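Report on the structure given below.
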Amino acid sequence: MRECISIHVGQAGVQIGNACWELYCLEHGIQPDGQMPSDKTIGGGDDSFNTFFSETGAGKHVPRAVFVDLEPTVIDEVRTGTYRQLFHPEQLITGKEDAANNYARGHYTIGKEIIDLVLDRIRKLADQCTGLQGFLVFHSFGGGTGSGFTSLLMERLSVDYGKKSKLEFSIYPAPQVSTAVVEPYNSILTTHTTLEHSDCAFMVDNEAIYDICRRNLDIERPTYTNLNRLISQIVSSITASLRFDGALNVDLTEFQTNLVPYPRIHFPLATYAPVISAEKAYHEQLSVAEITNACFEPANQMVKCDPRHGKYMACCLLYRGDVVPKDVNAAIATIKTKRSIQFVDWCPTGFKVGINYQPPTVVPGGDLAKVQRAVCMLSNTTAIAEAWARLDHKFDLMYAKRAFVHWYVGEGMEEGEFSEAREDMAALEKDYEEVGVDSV
Amino acid sequence: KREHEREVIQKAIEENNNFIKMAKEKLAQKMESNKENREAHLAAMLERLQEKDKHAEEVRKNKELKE
Amino acid sequence: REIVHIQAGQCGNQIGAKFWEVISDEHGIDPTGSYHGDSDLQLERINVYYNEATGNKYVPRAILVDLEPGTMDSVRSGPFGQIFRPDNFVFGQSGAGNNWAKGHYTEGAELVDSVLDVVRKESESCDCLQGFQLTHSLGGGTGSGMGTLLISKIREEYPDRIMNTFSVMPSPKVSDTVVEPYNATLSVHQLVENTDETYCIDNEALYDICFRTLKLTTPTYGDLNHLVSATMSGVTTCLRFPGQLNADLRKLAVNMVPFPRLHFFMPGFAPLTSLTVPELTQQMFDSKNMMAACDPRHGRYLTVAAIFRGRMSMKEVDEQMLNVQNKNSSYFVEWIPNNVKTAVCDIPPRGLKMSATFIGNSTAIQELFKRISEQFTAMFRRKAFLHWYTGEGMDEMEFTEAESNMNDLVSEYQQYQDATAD
Ligand SMILES: Nc1nc2c(ncn2[C@@H]2O[C@H](COP(=O)(O)OP(=O)(O)OP(=O)(O)O)[C@@H](O)[C@H]2O)c(=O)[nH]1
Ligand SMILES: Nc1nc2c(ncn2[C@@H]2O[C@H](COP(=O)(O)OP(=O)(O)O)[C@@H](O)[C@H]2O)c(=O)[nH]1
Ligand SMILES: [Ca+2]
Ligand SMILES: [Mg+2]
Ligand SMILES: [Mg+2]
Ligand SMILES: [Mg+2]
């Protein structure tokens, strides 16, 4: 009961998937062959970790996950790497030819050829669930598969699973590690087509993660591996309430009630602390107050924007590790007596808190210090729309001259789809302005 | 009150079904239109290429009516 | 995945031969087709350009074409000459005589179907064909006229694959053959419609580099060709080795070609053999390092791909790539954000600790086309040598049409050069 199915789409989706599932395994005591000695009920159970792992009679704990990509070389690494026994082969699905950084090929030309198979395999996961809660979909905005195949899949999932919850982890593009000039097109197309099919979406700005790696972990030139390890800690923090139990534990769905005041306003800002090197963490114990303080430092946000220049509609603090409410409450009181935390006039200002007692883990050979306590803040702030503004502007620059548009038109798309997607984005930025204006 | 309770849940059903139905139909429209557009793009390419052929035969034929 | 290589005519087969010798060495393949390298990175994407035969042998997926049998005897006797598949040699007996019409409409057309049979055999065995690359000159007769015929013929049968060319532009500094501007313009006319991406390998630039920079009093085709193979290796590195950026022909095109007709790239290389990352970077953007004789400060960049090779600091590469963009901002169009992409590959070319290859889509490429056009018109307005072409069946109209299309291409590169964001 309460199963969650993860779907990792395209390179970014898949590689972030690798990092998350490795991390989950370590958090839960699951070996790379899928065995979990601590689990005494063989071949099934209703433990909290079962929301993310099914079990075979032979004692294997198998991620409720599908990996999909239109070319094979990234998933081939999963097939042949360290956690290859973790996954049944049918959970890892590949085409022969990718979307070539083109939303149209991901959604139509190439995507249409593998979509029924993907849904077949997701259906196989669903049928093993006694109370499926919904899906978590991981993907880039910028890639052809991450953008166009994800959109197609989300549209088909609404049809096939009705209103079952769909949450995204969406990788927003940064010039430091982007690989296509047309990513702004792909980002707007997929955001427009997915918007009505997603209940909640956590954007991860590659530039924010890149900066955090450079600045807080002293990594000269971060690789995807560096980025993904940090992303996985954040993803882990958000899903921990689903995977562990606890008296002070608060379900992600409960935070969602507070995070989403209107269906379209469904993009929380995540902020994570502490991100600190082993070198800096040694003999330096960061207190509940210190990590909570860090949540209101914009440098620690997963999306670049300035909440101090916007308005809050919700603030949620998801703690893990050695943390009790007394200390949280005191930390919050201080922060209120000293910060630019302004709420819209129609929302209560109380911070919503959950605590999972299981301490954070790190992957061997990684950059993050192992710490006793960590926190992820999820806020609903009007400032997140800055990310849409930056992207919409880049789209406008190119689209005005119709730069690269022939690549999409050649794959069957119409200019009408571009203008329609861009207008939806204009309306979304307007939605974020409106919700911040005072009541009359 | 019971009548109203019955109407609320039937309303919730109707709207969810209508959402499914409309998602389903919008997708079929987009995929149909995309298929036709692409095919028409490829057809125009081939026709242009086949006029090139047409034109090269016409050229060899003119060389012959010159010799 | 798989690329199919076609080389047509003398130039095409010559620079084609060097290309295979050079990348074979890079991938640790010897003249017999056996691998004898030291790194698994050499073999990972080997199937992009090589077929694997029995005996752990690697056979370039390469097709060798000419209306003149001589060239493919010299090929067959070159160092890696025994590496090519015997059945993949398709030669006529006639010659083209630098007559584009012969290559395109008559002689070449007589031989084209046998070439297709070979392309089909190679394409059918591909797991997932990416597309094609063709090497040829535009000034001769076979490479230019038959080469462009092949393109259109292949496109009819593989309309959804990428067509890429390495096209050698003629220069009076290298060849006195008077009609070359006719052959080049007629070619460009074809390329503008039927290729997805063309590398402009300009003999004018090659000579000038060899003469001025390398201080070679008398450049041979050998000398020119050393530049060509170095460039060709560089601009194909992202296709042949594991990596993120432009790793296939379609992703390259999607990054580099914002308007379908504007697909003529200016390649560049550093160092040009009197070295730091800043120094590498500055030179790869210098006109003196361009393989097309055009000054990029006479226009603007639509898009750029930079490829660094060797052991070096990626941090420094990133900072220097940011530096050149900032300091030269005027020369990149503002209405294509982030239009410069950079790749770094660990494996340096033979004989270098590090190198940089440059691929620019610059509106300054019009200087190349204007130069051909000037030489075309000097002749066409005196109907000089036309009977060669009318004699094979062509008419003057096609000449006029080719000239107008090329003139249009120039106007289009100028249009985007003048465009602004506001
Ligand atoms: N954080 C992070 N970003 C990634 C990773 N891999 C790719 N990206 C980003 O994702 C975008 C590119 O999309 P991809 O996921 O690689 O492409 P794709 O979904 O496989 O689509 P196609 O290759 O076009 O079929 C760029 O913005 C990259 O910087 C990754 O492992 N981690
Ligand atoms: N860079 C270079 N150019 C060449 C080479 N061989 C011929 N060319 C050029 O190609 C043009 C003549 O075409 P060519 O290839 O010889 O005739 P074809 O055999 O009919 O294709 C002239 O402009 C020559 O300078 C070569 O090895 N290298
Ligand atoms: Ca169990
Ligand atoms: Mg991909
Ligand atoms: Mg010749
Ligand atoms: Mg010659």
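How things are named: the first chain in the structure tokens is A, the next is B, and so on; residues count from 1 in each chain; ligands count from 1 in the order shown.
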Inset, instruction - Find the residues near stretch 20-29 of chain B: any atom within 10 Å, counting only C-alpha atoms, skip ones fewer than 3 places away on the same chain, and give them as a VMD selection string. - result: (chain A and resid 152 155 to 163 196 to 197) or (chain B and resid 14 to 17 32 to 35)
message = Taking only C-alpha atoms and all ligand atoms into account, which residues have an atom no farther than 6 Å from ligand 4? I'd like them as a PyMOL selection string.
response = chain A and resi 10-11+98
Prev. selection, N, CA, C and O atoms, output as a short mmCIF file (atom, residue, chain, number, x, y, z; two decimals), in the first residue's frame:
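Saved the output as out_15.cif:
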```
data_model
loop_
_atom_site.label_atom_id
_atom_site.label_comp_id
_atom_site.auth_asym_id
_atom_site.auth_seq_id
_atom_site.Cartn_x
_atom_site.Cartn_y
_atom_site.Cartn_z
N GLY A 10 15.40 9.77 -20.25
CA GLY A 10 16.55 10.35 -20.92
C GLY A 10 17.81 10.39 -20.06
O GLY A 10 17.82 9.96 -18.90
N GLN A 11 18.87 10.97 -20.61
CA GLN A 11 20.15 10.90 -19.94
C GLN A 11 20.10 11.47 -18.52
O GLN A 11 20.50 10.80 -17.58
N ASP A 98 18.35 8.49 -30.64
CA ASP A 98 17.81 9.46 -29.67
C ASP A 98 17.02 10.60 -30.33
O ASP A 98 16.79 10.58 -31.53
#
```
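Residues of stretch 86-143 of chain A that DSSP, applied to the backbone, places in alpha helix (DSSP H): residues 103, 104, 115, 116, 117, 118, 119, 120, 121, 122, 123, 124, 125, 126 and 127 of chain A.
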Kindly export the residues of the current selection with N, CA, C and O atoms, as a short mmCIF file (atom, residue, chain, number, x, y, z; two decimals), in the first residue's frame.
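The resulting file, result-v6.cif, is reproduced below:
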```cif
data_model
loop_
_atom_site.label_atom_id
_atom_site.label_comp_id
_atom_site.auth_asym_id
_atom_site.auth_seq_id
_atom_site.Cartn_x
_atom_site.Cartn_y
_atom_site.Cartn_z
N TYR A 103 12.60 18.28 -29.11
CA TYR A 103 11.29 17.93 -28.52
C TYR A 103 10.36 17.18 -29.49
O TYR A 103 9.67 16.25 -29.10
N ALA A 104 10.34 17.59 -30.75
CA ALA A 104 9.42 16.97 -31.71
C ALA A 104 9.74 15.50 -31.94
O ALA A 104 8.84 14.67 -32.15
N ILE A 115 6.52 4.27 -27.01
CA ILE A 115 5.61 4.69 -25.93
C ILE A 115 4.69 3.55 -25.44
O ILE A 115 4.43 3.45 -24.24
N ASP A 116 4.21 2.70 -26.34
CA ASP A 116 3.28 1.65 -25.90
C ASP A 116 4.01 0.63 -25.05
O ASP A 116 3.46 0.13 -24.06
N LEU A 117 5.25 0.36 -25.42
CA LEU A 117 6.08 -0.58 -24.65
C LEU A 117 6.38 -0.04 -23.27
O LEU A 117 6.30 -0.76 -22.28
N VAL A 118 6.77 1.22 -23.20
CA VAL A 118 7.01 1.87 -21.93
C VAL A 118 5.76 1.78 -21.03
O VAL A 118 5.84 1.40 -19.87
N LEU A 119 4.59 2.08 -21.57
CA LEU A 119 3.38 2.01 -20.77
C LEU A 119 3.11 0.59 -20.37
O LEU A 119 2.61 0.34 -19.26
N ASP A 120 3.42 -0.37 -21.25
CA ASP A 120 3.28 -1.79 -20.90
C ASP A 120 4.11 -2.11 -19.67
O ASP A 120 3.66 -2.77 -18.73
N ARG A 121 5.35 -1.65 -19.65
CA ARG A 121 6.23 -1.98 -18.54
C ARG A 121 5.82 -1.25 -17.25
O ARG A 121 5.95 -1.79 -16.15
N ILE A 122 5.31 -0.03 -17.37
CA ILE A 122 4.86 0.71 -16.19
C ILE A 122 3.62 -0.02 -15.63
O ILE A 122 3.46 -0.18 -14.42
N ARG A 123 2.79 -0.51 -16.53
CA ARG A 123 1.59 -1.24 -16.13
C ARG A 123 1.97 -2.49 -15.33
O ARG A 123 1.28 -2.84 -14.37
N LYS A 124 3.05 -3.15 -15.72
CA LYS A 124 3.53 -4.32 -14.99
C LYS A 124 3.92 -3.95 -13.56
O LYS A 124 3.63 -4.69 -12.62
N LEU A 125 4.58 -2.80 -13.38
CA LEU A 125 4.86 -2.31 -12.03
C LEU A 125 3.57 -1.97 -11.25
O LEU A 125 3.44 -2.31 -10.07
N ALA A 126 2.62 -1.32 -11.91
CA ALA A 126 1.38 -0.92 -11.25
C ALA A 126 0.63 -2.14 -10.73
O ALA A 126 0.07 -2.10 -9.65
N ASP A 127 0.64 -3.23 -11.49
CA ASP A 127 -0.17 -4.41 -11.17
C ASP A 127 0.36 -5.12 -9.92
O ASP A 127 -0.36 -5.90 -9.31
#
```
Practice task
At a cut-off of 6 Å, list the chain A residues touching chain C, using only C-alpha atoms, as a VMD selection string.
Solution key: chain A and resid 100 179 to 181 221 397 to 398 403 to 404
Check every protein, DNA and RNA residue against ligand 5, keep those with an atom at most 8 Å away (counting only C-alpha atoms and all ligand atoms), and present them as a PyMOL selection string. chain C and resi 9-10+68+95-98+140-142
Can you pull out the residues contacting stretch 44-56 of chain B? Cut-off 7 Å, using only C-alpha atoms, and skip same-chain residues under 2 positions away; I want them as an MDAnalysis selection string.
(chainID B and resid 40:42 58:60) or (chainID C and resid 105 152 156)
- Got a sec to tell me which of stretch 159-269 of chain C DSSP assigns to strand (DSSP E or B), as an NGL selection string? :C and (162-169 or 197-202 or 264-269)
- Throw together the list of residues within 7 Å of ligand 2, counting only C-alpha atoms and all ligand atoms, and drop it here as a PyMOL selection string. chain C and resi 8-12+14-15+66+96-98+136-144+168-171+174-175+180+203+221-222+224-225
Using the selection just defined, write its residues with N, CA and C atoms as an mmCIF file, in the first residue's frame.
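Printed below is selection_6.cif as written:
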```cif
data_model
loop_
_atom_site.group_PDB
_atom_site.id
_atom_site.type_symbol
_atom_site.label_atom_id
_atom_site.label_comp_id
_atom_site.auth_asym_id
_atom_site.auth_seq_id
_atom_site.Cartn_x
_atom_site.Cartn_y
_atom_site.Cartn_z
ATOM 1 N N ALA C 8 34.901 11.011 -53.639
ATOM 2 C CA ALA C 8 34.713 11.111 -55.082
ATOM 3 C C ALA C 8 35.771 11.977 -55.751
ATOM 4 N N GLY C 9 36.379 11.438 -56.799
ATOM 5 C CA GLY C 9 37.328 12.198 -57.581
ATOM 6 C C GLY C 9 38.703 12.192 -56.954
ATOM 7 N N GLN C 10 39.596 12.978 -57.538
ATOM 8 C CA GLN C 10 40.985 12.964 -57.116
ATOM 9 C C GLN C 10 41.105 13.542 -55.720
ATOM 10 N N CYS C 11 40.684 14.795 -55.569
ATOM 11 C CA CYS C 11 40.812 15.496 -54.296
ATOM 12 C C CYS C 11 40.117 14.705 -53.206
ATOM 13 N N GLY C 12 38.875 14.325 -53.476
ATOM 14 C CA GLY C 12 38.075 13.570 -52.527
ATOM 15 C C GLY C 12 38.785 12.310 -52.084
ATOM 16 N N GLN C 14 42.017 11.644 -52.319
ATOM 17 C CA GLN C 14 43.298 11.970 -51.681
ATOM 18 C C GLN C 14 43.099 12.403 -50.228
ATOM 19 N N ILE C 15 42.233 13.388 -49.996
ATOM 20 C CA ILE C 15 42.005 13.865 -48.623
ATOM 21 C C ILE C 15 41.228 12.810 -47.854
ATOM 22 N N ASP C 66 35.491 7.255 -58.582
ATOM 23 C CA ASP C 66 36.071 8.158 -59.574
ATOM 24 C C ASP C 66 35.758 7.718 -61.012
ATOM 25 N N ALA C 96 36.691 13.079 -66.320
ATOM 26 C CA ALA C 96 35.671 14.132 -66.402
ATOM 27 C C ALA C 96 36.216 15.386 -67.099
ATOM 28 N N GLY C 97 37.531 15.575 -67.047
ATOM 29 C CA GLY C 97 38.168 16.691 -67.725
ATOM 30 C C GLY C 97 37.781 18.029 -67.117
ATOM 31 N N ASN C 98 37.489 18.032 -65.820
ATOM 32 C CA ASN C 98 37.069 19.245 -65.121
ATOM 33 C C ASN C 98 35.758 19.779 -65.676
ATOM 34 N N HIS C 136 35.179 15.670 -51.351
ATOM 35 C CA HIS C 136 35.315 15.992 -52.770
ATOM 36 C C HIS C 136 35.764 17.427 -52.940
ATOM 37 N N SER C 137 36.250 17.751 -54.136
ATOM 38 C CA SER C 137 36.518 19.139 -54.490
ATOM 39 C C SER C 137 35.337 19.638 -55.290
ATOM 40 N N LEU C 138 35.176 20.959 -55.353
ATOM 41 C CA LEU C 138 34.105 21.549 -56.149
ATOM 42 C C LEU C 138 34.608 22.059 -57.504
ATOM 43 N N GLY C 139 35.925 22.138 -57.673
ATOM 44 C CA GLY C 139 36.517 22.718 -58.871
ATOM 45 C C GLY C 139 36.755 21.743 -60.016
ATOM 46 N N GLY C 140 36.931 20.468 -59.688
ATOM 47 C CA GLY C 140 37.117 19.431 -60.681
ATOM 48 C C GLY C 140 35.820 19.090 -61.383
ATOM 49 N N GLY C 141 35.716 17.854 -61.859
ATOM 50 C CA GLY C 141 34.534 17.415 -62.577
ATOM 51 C C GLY C 141 33.753 16.286 -61.929
ATOM 52 N N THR C 142 34.469 15.288 -61.413
ATOM 53 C CA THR C 142 33.839 14.121 -60.827
ATOM 54 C C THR C 142 33.359 14.442 -59.399
ATOM 55 N N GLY C 143 34.292 14.797 -58.521
ATOM 56 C CA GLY C 143 33.962 15.128 -57.143
ATOM 57 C C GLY C 143 32.850 16.151 -57.061
ATOM 58 N N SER C 144 32.918 17.138 -57.941
ATOM 59 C CA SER C 144 31.953 18.232 -57.946
ATOM 60 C C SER C 144 30.631 17.830 -58.585
ATOM 61 N N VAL C 168 36.013 20.880 -50.947
ATOM 62 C CA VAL C 168 37.217 21.681 -51.176
ATOM 63 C C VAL C 168 36.973 22.742 -52.242
ATOM 64 N N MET C 169 36.994 24.000 -51.803
ATOM 65 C CA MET C 169 36.723 25.145 -52.665
ATOM 66 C C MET C 169 37.969 25.528 -53.461
ATOM 67 N N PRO C 170 37.791 25.857 -54.748
ATOM 68 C CA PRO C 170 38.916 26.142 -55.644
ATOM 69 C C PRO C 170 39.571 27.509 -55.424
ATOM 70 N N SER C 171 40.872 27.576 -55.676
ATOM 71 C CA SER C 171 41.610 28.834 -55.678
ATOM 72 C C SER C 171 42.594 28.934 -56.851
ATOM 73 N N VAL C 174 46.070 27.795 -56.303
ATOM 74 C CA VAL C 174 46.412 26.376 -56.266
ATOM 75 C C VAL C 174 46.186 25.677 -57.608
ATOM 76 N N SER C 175 45.174 26.105 -58.355
ATOM 77 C CA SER C 175 44.891 25.492 -59.647
ATOM 78 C C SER C 175 44.512 26.507 -60.700
ATOM 79 N N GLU C 180 37.053 26.355 -63.167
ATOM 80 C CA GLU C 180 36.727 25.934 -61.811
ATOM 81 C C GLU C 180 35.611 26.748 -61.149
ATOM 82 N N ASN C 203 40.894 25.927 -50.525
ATOM 83 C CA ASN C 203 42.280 25.870 -50.991
ATOM 84 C C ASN C 203 42.988 27.214 -50.875
ATOM 85 N N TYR C 221 50.208 19.568 -52.724
ATOM 86 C CA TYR C 221 48.923 19.034 -52.280
ATOM 87 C C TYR C 221 49.143 18.291 -50.969
ATOM 88 N N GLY C 222 50.324 17.703 -50.810
ATOM 89 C CA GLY C 222 50.687 17.099 -49.544
ATOM 90 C C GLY C 222 50.548 18.096 -48.405
ATOM 91 N N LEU C 224 48.978 21.007 -48.190
ATOM 92 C CA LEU C 224 47.586 21.412 -48.019
ATOM 93 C C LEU C 224 46.832 20.330 -47.263
ATOM 94 N N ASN C 225 47.050 19.097 -47.697
ATOM 95 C CA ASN C 225 46.336 17.955 -47.175
ATOM 96 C C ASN C 225 46.634 17.648 -45.712
#
```
> Can I get the residues close to ligand 1 as an MDAnalysis selection string, where close means within 8 Å and we count only C-alpha atoms and all ligand atoms?
Replying inline: (chainID A and resid 9:16 69:71 97:103 106 139:147 171:180 183 204 206 209 224:225 227:228 231) or (chainID C and resid 244 251)
Could you list, as a VMD selection string, all protein and nucleic acid residues with an atom at most 9 Å from ligand 3, counting only C-alpha atoms and all ligand atoms? chain A and resid 36 39 to 47 49 to 50 54 to 55 59 61
Same residues, C-alpha atoms, saved as a PDB file, in the first residue's frame:
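Resulting contents of again-v9.pdb:
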```pdb
ATOM      1  CA  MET A  36      18.578  -6.682   2.592  1.00  0.00           C
ATOM      2  CA  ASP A  39      14.342  -7.265   6.356  1.00  0.00           C
ATOM      3  CA  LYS A  40      12.831 -10.313   8.048  1.00  0.00           C
ATOM      4  CA  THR A  41       9.730 -10.751   5.866  1.00  0.00           C
ATOM      5  CA  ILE A  42      10.859 -12.554   2.696  1.00  0.00           C
ATOM      6  CA  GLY A  43       9.203 -11.882  -0.663  1.00  0.00           C
ATOM      7  CA  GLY A  44       6.907  -9.085   0.456  1.00  0.00           C
ATOM      8  CA  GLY A  45       5.897  -6.738   3.225  1.00  0.00           C
ATOM      9  CA  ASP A  46       4.173  -3.497   4.090  1.00  0.00           C
ATOM     10  CA  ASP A  47       7.210  -1.715   5.544  1.00  0.00           C
ATOM     11  CA  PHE A  49      10.694   1.068   2.301  1.00  0.00           C
ATOM     12  CA  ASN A  50       8.217  -1.051   0.371  1.00  0.00           C
ATOM     13  CA  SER A  54       9.091  -4.572  -4.189  1.00  0.00           C
ATOM     14  CA  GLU A  55      10.469  -7.946  -3.123  1.00  0.00           C
ATOM     15  CA  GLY A  59      14.732 -11.891  -1.089  1.00  0.00           C
ATOM     16  CA  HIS A  61      14.451  -5.794  -3.166  1.00  0.00           C
TER      17      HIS A  61
END
```
Residues of chain A that have any atom at most 6 Å from an atom of chain B: could you tabulate them with the shortest-distance atom pair and the distance in Å to one decimal, using only C-alpha atoms, ordered by chain and increasing number, as JSON lines?
```
{"residue": "A:159", "atom": "CA", "partner": "B:20", "partner_atom": "CA", "distance": 4.9}
{"residue": "A:411", "atom": "CA", "partner": "B:38", "partner_atom": "CA", "distance": 5.4}
{"residue": "A:412", "atom": "CA", "partner": "B:38", "partner_atom": "CA", "distance": 4.1}
{"residue": "A:413", "atom": "CA", "partner": "B:34", "partner_atom": "CA", "distance": 5.9}
```
